[PDB]
């Protein structure tokens, strides 16, 4: 049930803001941060995240996900290897500073790598003329937009099981845009007319909260 966050960066403050309610352990060796963690409804564990014994202490085993952002990619990797000695199946989401290190984070055991500076650099080069790309990305991720991005799973025995993307006319029917469909660790963005849904597929969509509802019901049983 619980999520362990290893290290502290400006990212994890924004991260805890969205996990409020959910049970979170933050494991860091910077006491100055304990005050901030507690304020977020989270729990603080003073410790060295590159040390296996201190990961045990944050109870990494059986946690549903471990988020990892240390001060440098080199230490981020040291933490991951540490986590993998403990629990080799647990989901690890790591933050990468330099592009060059993305492959090594993945290699040490990261299931998903997020690169704020790559994202950020690409957005800045695309914002020279019109800043729409930047506006879109920063807006759909905000808890305050009329439009939001969601993942809706297609359940076993779904009305849509077997139906093609073209035949389902989901946009016309529910108001939701399908931006992609994903299954396991693969994502198909803007799927082709002839893609056939299967129970287990995750629909990645954008829509008003009511449109999302019309979609959830349009699927089921």
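Positions refer to the first chain, counted from 1.
As recorded in the PDB entry, 32-40 is the stretch of 171-179 and 32-40 with the greater mean C-alpha temperature factor. Comparing 121-129 with 137-145, the higher mean C-alpha B-factor in the PDB entry belongs to 137-145. Considering 151, 111, 95, 71 together, the PDB entry gives 71 the largest C-alpha B factor. As recorded in the PDB entry, 62 shows the highest C-alpha B-factor of the residues 62, 155, 162, 184. Remark: residue 86 belongs to the highest third of its chain, ranked by C-alpha B-factor as recorded. Residue-level temperature factors show residue 201 in the middle third of its chain, judged at the C-alpha atom. The PDB entry assigns residue 215 a C-alpha temperature factor belonging to the lowest third of its chain's modelled residues. Residue 27 sits in the lowest third of its chain by CA B factor, as recorded in the PDB entry. Per the deposited record, the Cα B-factor of residue 58 falls in the highest third when ranked against the other modelled residues of its chain.
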